[PDB]
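Residue numbering for the sequence shown follows the deposited numbering, beginning at 1 and increasing consecutively. Below is one structure, written out as structure tokens; comments come after it.
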Amino acid sequence: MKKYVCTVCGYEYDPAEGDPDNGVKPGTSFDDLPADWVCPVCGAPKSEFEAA
Ligand SMILES: [Fe+2]
Numbered sequence: 001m002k003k004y005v006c007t008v009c010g011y012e013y014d015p016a017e018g019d020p021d022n023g024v025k026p027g028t029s030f031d032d033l034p035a036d037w038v039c040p041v042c043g044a045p046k047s048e049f050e051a052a
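Have a look at this one:
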């Protein structure tokens, strides 16, 4: 359930919510995001998220 924050824009990935519009169901951990997933607010890579 660990949240991660985008260091570009401040969006928080919340595993309890997932990211349905990008094919990520509620409950999906950050580490299990698809390899091509990017921040939905700004487009930044996962490599620029940090644990929040
Ligand atoms: Fe972002």
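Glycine residues also receive a C-beta, built at the ideal position from the N, C-alpha and C atoms.
With a threshold of 6 Å, establish whether the CB of residue i neighbours any heavy atom of ligand 1.
i: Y4; result: no
i: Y13; result: no
i: residue 128; result: No information on residue 128 is available, as it lies outside the stretch 1 to 52 that the chain covers here.
i: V8; result: yes
i: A44; result: yes
i: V41; result: yes
Write down the C-beta distance between residue i and residue j rounded to the nearest angstrom, noting that I regard them as a contact closer than 8 Å.
i: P40; j: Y11; result: 7 Å
List, from N- to C-terminal side, the beta strand (DSSP E) runs of 3 residues or more that fit wholly inside the segment 22-49.
Runs found: none.
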